[PDB]
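# these are from a larger complex, still in place; more later:
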Amino acid sequence: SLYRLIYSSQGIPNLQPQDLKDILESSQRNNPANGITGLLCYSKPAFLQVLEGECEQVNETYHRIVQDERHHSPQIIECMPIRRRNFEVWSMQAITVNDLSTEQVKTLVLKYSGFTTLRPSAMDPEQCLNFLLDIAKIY
Amino acid sequence: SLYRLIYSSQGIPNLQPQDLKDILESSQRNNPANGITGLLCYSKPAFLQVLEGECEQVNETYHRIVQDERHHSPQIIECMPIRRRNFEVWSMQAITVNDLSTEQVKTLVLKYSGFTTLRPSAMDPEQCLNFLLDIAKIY
Amino acid sequence: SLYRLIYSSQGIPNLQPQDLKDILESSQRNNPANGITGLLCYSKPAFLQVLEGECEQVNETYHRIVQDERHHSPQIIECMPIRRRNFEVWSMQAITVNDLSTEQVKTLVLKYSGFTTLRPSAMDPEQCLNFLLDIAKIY
């Protein structure tokens, strides 16, 4: 029953800061009732998100997210049953990680990948999860 | 011969505070002589209980409990020999786990299951045990 | 939700070949619709039985069996989720293990226990399951 899904996506070219906010707010409104928790990362132009909850709800949320016009080319990175949650304190939270980010954040990206800018297509599922767990500790 | 049994059951629709007090008083009277220790949670309408002791005593106790008119449809979740007890401090303790429960407790439910309401049907034996271990810590 | 339960019980002194056949017919009548499979051994006066199927069904069947006048003092030996069935070929089958059994059967009894009569009380869960597995492959 308890499941996790990690996926990456391509946000549309002309995304603004307000759009990230619109996504965060919607997720923070819908997720609690569905028992969904997780963490969303935006590294222009890419999204990386982890979702935790029961299987039915994880799948409902995921398949509804894919219909969002603000991104395309979704790539499911990992989907499996889990023993326990790691993001249970957040309905959803949003972190931007890019070329202007601090050395501490850049060094985390580098720790799990080939460069200092976050590229989900360049990481396996273990590196994706670990990156997310570590970035969760910074703020 | 040292054993653990975890089960869940459906409490009757009528259960008042006094019924929970009666169960707890009975278990605290009977369990010490029988070398039984453990923990009972009530998440309306369901019970989740763990019992530890010598195999014959755990079985005697469990089969007596199944005859109780205050619940039905008992579902053994796990019954196994164990190396050492984990609930040795309590002949029996009883905890209500519901929507009125504290943030800490609700988050613990969420850690091991799809929602913030405790539903033993939604969890495997490992998640049941870990939940019970962690809530026992809180109490 | 796939589960196995193994228990032992004390059959009443009265028991005749026809009682075993009655039990067999009853289990072969009820088990298929309930998705239950397994194996019953009778070693005067002890029974040893393994039940496999969905959690809800295994429990309904088990708790029904305890109510049977023909045995008493049930002892759950193991109850746990399983990856796959081992006794799937029969809804139920019944074997008598005694001094008139084949040498091959007597040897299997001795393999997993202290005497050449099957006494489940003495046997741990791995010994019970292995005995049942071994005797099922000969029959």
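Arrived safely, thanks for sending. Numbering: from 1, shown residues only, chains lettered A, B, ... in the order given.
# contacting residues for the residue of chain A found nearest chain C?
Distance from chain C to each residue of chain A (Cβ to the nearest Cβ) is smallest for residue A:1, at 10.0 Å. From N, CA and C alone the C-beta is placed, and that goes for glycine too. For residue A:1, the set of contacting residues under the criterion of Cβ atoms under 8 Å, 6 or more residues apart in numbering or on different chains consists of A:54, A:55, A:81, B:113, B:114, B:122, B:123.
# give me the buried entries from those.
The neighbour-count test (16 or more other Cβ atoms under 10 Å in any protein chain shown) applied to the contacts of residue A:1 identifies A:54, B:113, B:114, B:122, B:123 as buried.
# what strand or helix carries the most centrally placed residue in chain A?
Per Cα atoms, centre = their mean, the C-alpha nearest to the average position across chain A is that of residue A:49, at 1.6 Å. The secondary structure element spanning residue A:49 is strand A:46-54 (assigned by DSSP states H and E).
# pull out the buried positions in stretch A:95-104.
A:95, A:97, A:101.
# any figure for the gap between the residue of chain A found nearest chain B and residue A:34?
Checking chain A residue by residue against chain B with Cβ to the nearest Cβ singles out residue A:54 as nearest, at 2.9 Å. Separation of residue A:54 from residue A:34 (Cβ to Cβ, to the nearest Å): 9 Å.
# closest to residue B:40 out of the contacts of residue A:1?
Residue B:40 lies nearest to residue B:123 out of these, by Cβ to Cβ, at 16.1 Å.
# and the gap between that closest one and residue C:55?
In this view, residue B:123 and residue C:55 are 12 Å apart by Cβ to Cβ.
# does residue A:74 touch residue A:9 like I think?
Yes: counting by Cβ atoms under 8 Å, residue A:9 is a contact partner of residue A:74 at 5.0 Å.
# put chain D on too:
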Amino acid sequence: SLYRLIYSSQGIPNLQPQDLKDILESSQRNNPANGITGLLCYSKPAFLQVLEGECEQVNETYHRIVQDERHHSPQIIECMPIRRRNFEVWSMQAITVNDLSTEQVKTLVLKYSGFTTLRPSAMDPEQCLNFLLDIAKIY
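Chain D, in position alongside the others:
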């Protein structure tokens, strides 16, 4: 790069044998160019399918499949990188598993689940995988 996705779905109530022939024809036409292999099972009313190929390809194929009108409520059971393929010999194969199937097949379904009828919602990723591997071997 090399990935496998297993999912289940609900087929529309009015599915004919011609519809399964149709689905099979499209997948046998589309899958080779995209390097997709696997197996589809239909147990009325549900589908169970495994897809193998490079991550980008598996994702393209799956997300196209979910936007198909002949089924709904897709539930991804597992999506992960894999060491090597298991269904490489078929671009796609379609097997119907129901109450009319062979006793061999029925016993197989029962080996991995609570019942003789295939119900993916009741199965974990390992049980799904092994069922699909075993039924493929008998075909």
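# tilt between the next helix or strand after the strand holding residue A:49 and helix D:55-66?
Once the chain leaves strand A:46-54, the next helix or strand it forms, by DSSP H and E, is helix A:55-65. Orientation check (axes from the mean of the first three to the mean of the last three Cα atoms, to 10 degrees): helix A:55-65 against helix D:55-66 gives 90 degrees.
# hmm, back to that, so is the strand holding residue A:49 next to chain C?
No: contact between strand A:46-54 and chain C is absent, the nearest approach being 14.3 Å (criterion: Cβ under 8 Å from any Cβ of the partner chain).
# just checking, what packs against that strand?
Under the contact definition 3 or more Cβ pairs under 8 Å, 6 or more residues apart in numbering or on different chains; DSSP states H and E, strand A:46-54 sits against strand A:2-11, strand A:37-43, helix A:55-65, helix A:125-135.
# between that strand and helix A:125-135, what angle do the directions make?
Going by the same axes, to 10 degrees, strand A:46-54 makes 90 degrees with helix A:125-135.
# tell me how far the longest helix along chain A lies from the chain's centre.
Longest helix in chain A by number of residues, with DSSP state H as the criterion: helix A:17-30. Once both centres are worked out by Cα atoms, centre = their mean, to the nearest Å, helix A:17-30 turns out to sit 13 Å from its chain's centre.
# how about residues contacting that helix?
Helix A:17-30 has contacts (Cβ under 8 Å, 6+ apart) with A:36, A:40, A:42, A:61, A:70, A:91, A:92, A:93, A:94, A:96.
# how about the contacts made by the fifth one?
This means residue A:70. Residue A:70 touches A:11, A:12, A:15, A:19, A:23, counting by Cβ under 8 Å, 6+ apart.
# you'd agree the first one is up against residue A:49?
Same thing as residue A:11. No: counting by Cβ under 8 Å, residue A:11 sits too far from residue A:49 to count as a contact (11.4 Å).
# then chain E, please:
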Amino acid sequence: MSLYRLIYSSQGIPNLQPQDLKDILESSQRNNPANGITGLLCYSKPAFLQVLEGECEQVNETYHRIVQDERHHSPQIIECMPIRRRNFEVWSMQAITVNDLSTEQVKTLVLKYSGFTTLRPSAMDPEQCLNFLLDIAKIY
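Now chain E, sitting on the chains shown earlier:
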């Protein structure tokens, strides 16, 4: 010459007195050092549980002498095997009495490892026996 450990349990004769246990301790503290024996004895009326460590020949000589003692019967070897290192090396022998008058802490410890609050070795496996003995040694 190999380093060994033997854990066994036995039944004390009815009406063993605190003095008999003192006599057992005194003899063991006199004999064990010269034979290189270390370990721990626990008495939970009517039962004894003892662990002995030392060289194979000495552990065996000591054990088979102990079985001849009129103060207990029906000895049950729980485990006897070569060991990597001792755990009771600081004591030639110690004796601990565990009953219904022992501390809440001790009683909880007995319960952690077995089916009741009185110690019944015949019910515990070798790993439970050793770890109980290790844990009880630690608090005393």
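# take the contacts of helix A:17-30 again, chain E included.
Applying Cβ under 8 Å, 6+ apart, the set of residues contacting helix A:17-30 from outside is A:36, A:40, A:42, A:61, A:70, A:91, A:92, A:93, A:94, A:96.
# do stretch A:88-108 as well
A:20-21, A:23-24, A:27-28, A:31-32, A:36-44, A:52, A:109, A:116-118, A:131, A:134-136, A:138-139, B:107, B:110-111.
# for PyMOL, write the selection for the buried entries among those.
What follows is the PyMOL syntax for the buried subset of the contacts of stretch A:88-108, where burial is set by 16+ other Cβ under 10 Å:
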select buried, (chain A and resi 20+23+24+27+31+36+37+38+39+40+41+42+43+52+109+116+117+118+131+135+136) or (chain B and resi 110+111)
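# CA atoms only for the longest helix of chain A - export them in PDB, please.
Listed next in PDB are the C-alpha coordinates belonging to helix A:17-30 (Å, rounded to 0.1, in the frame of the first residue of the first chain):
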ATOM      1  CA  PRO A  17       8.300  32.500 -10.200                       C
ATOM      2  CA  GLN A  18       4.500  33.000  -9.700                       C
ATOM      3  CA  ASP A  19       3.900  29.600 -11.500                       C
ATOM      4  CA  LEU A  20       6.100  27.700  -9.000                       C
ATOM      5  CA  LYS A  21       4.000  29.400  -6.300                       C
ATOM      6  CA  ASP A  22       0.800  28.400  -8.000                       C
ATOM      7  CA  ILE A  23       2.000  24.800  -8.200                       C
ATOM      8  CA  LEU A  24       3.100  24.800  -4.500                       C
ATOM      9  CA  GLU A  25      -0.200  26.300  -3.300                       C
ATOM     10  CA  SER A  26      -2.300  23.800  -5.300                       C
ATOM     11  CA  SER A  27      -0.300  20.900  -4.000                       C
ATOM     12  CA  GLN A  28      -0.400  22.100  -0.400                       C
ATOM     13  CA  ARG A  29      -4.200  22.400  -0.800                       C
ATOM     14  CA  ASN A  30      -4.900  18.900  -2.500                       C
END
